[PDB]
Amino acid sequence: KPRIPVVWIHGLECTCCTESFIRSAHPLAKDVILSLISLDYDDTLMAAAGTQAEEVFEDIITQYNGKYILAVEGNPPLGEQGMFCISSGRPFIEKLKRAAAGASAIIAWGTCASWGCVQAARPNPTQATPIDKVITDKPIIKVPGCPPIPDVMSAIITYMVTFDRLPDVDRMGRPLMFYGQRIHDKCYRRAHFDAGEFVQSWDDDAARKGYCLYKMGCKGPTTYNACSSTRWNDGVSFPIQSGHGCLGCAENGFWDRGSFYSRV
């Protein structure tokens, strides 16, 4: 049976969300690509370059007009007439708008596509702007994080394929399944928080016992994501488990909320 067409485009970005996707443990990214979707355009993986890649993009969005899903990683810069991000000699925003117009729905992977992420941190030299401030007439599912968790990305994909619908979202467009609760609502160090048992300096006796990272700047109390439950890299760890407070990386504006080491 044919597979659902997917076009994956890249604006200003670091490629962490694409990397995160290939770390999926179940289903393997290999199996997603071979068996669950038809990944029909992706600059990071595709054989064709240049004019041949432009032909793929054109052919897919034309033949599958109204039927493909658009995945976006990164964001468009509004500065310098958009020429802070150039594709095929034109502003990236032109490619985003053309891809969006034919899409049935859009997945904004990562904090860049969802909110702005590091390039939009003060003073935002390029006037980087999230996807939903440019594309205003399409469903957009925001999957924030820098990057989002690998098996969250693959679970959202499998959900959509299996159930043939978009995930239910909160008021910000984030899937309820993984973004409905705070990191701090499911944190294994919460017993220490509630007891007043805190790391006060790195590698102190508290740190060696896994005490709470609140006083070291943990932003878990204000951050919605699945890192403390699903965890990272086939469930091996998450930031807090390995001794660093949450940075807040799934939340809009997290770079400009003060130092990472200042208390929430």
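In case it trips you up, residue 1 is the first one in the sequence shown, and so on.
Averaged over CA atoms, B-factors in the entry run higher in 99 to 107 than in the other of 99 to 107 and 144 to 152.
In this entry, the higher average B-factor at the C-alpha atoms falls on 66 to 74, of the pair 66 to 74 and 234 to 242. Ranking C212, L34, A226, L28 by Cα temperature factor from the entry places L34 first. In the deposited entry, the Cα temperature factor of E54 places it in the highest third of its chain's modelled residues.
Residue-level temperature factors show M46 in the middle third of its chain, judged at the C-alpha atom. Among the modelled residues of its chain, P221 has a C-alpha B-factor that falls in the middle third according to the deposited record. Ranked by Cα temperature factor within the chain, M83 sits in the middle third according to the deposited record.
Sort the modelled residues of the chain by CA B factor and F193 lands in the middle third.
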